[PDB]
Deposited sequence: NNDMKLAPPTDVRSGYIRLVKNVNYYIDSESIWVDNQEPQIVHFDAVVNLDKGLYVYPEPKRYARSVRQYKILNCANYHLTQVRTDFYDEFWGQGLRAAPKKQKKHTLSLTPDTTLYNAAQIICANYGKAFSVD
């Protein structure tokens, strides 16, 4: 409960800030468009935290950001959460920690939500189409 962070307001080059959360970003550099099915795009979402998470071996060390590996299908807006890593610096960098079991799931995105904005942006620029 105790710890308290000031997430950067200035945005690191290549990070795309999303609607509805000024601390949630797409790491533009991490984007991989699948060779076999170009509608499928892999990317990291990166969240700068408001409150430190004590997820490290040593209980005084806390994370400042989270990096999450996503896979997006631009044809049906399915978004799979693949893995989560915690970092002790902002922008998903620095000393890393992670859960033993990674909890995975796929959603079908819905309008007016943070990750839907991500998909509109990614698909518009990397899915390369005009048009769900």
The deposited sequence goes unmodelled at 1, 133
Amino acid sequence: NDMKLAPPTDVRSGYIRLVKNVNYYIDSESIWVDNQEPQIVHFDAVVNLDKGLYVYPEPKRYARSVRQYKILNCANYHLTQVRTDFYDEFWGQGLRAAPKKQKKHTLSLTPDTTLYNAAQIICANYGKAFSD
From here on, numbers count along this sequence of modelled residues.
For 5 to 13 versus 107 to 115, entry-based mean Cα B-factors point to 5 to 13
Averaged over C-alpha atoms, is the B-factor higher for 98 to 106 or for 27 to 35 in this PDB entry? 98 to 106
Scanning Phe43, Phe90, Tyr62, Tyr77 for peak Cα temperature factor in the entry gives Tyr62
Looking at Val47, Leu72, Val55, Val82, which has the biggest Cα B factor in the entry? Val55
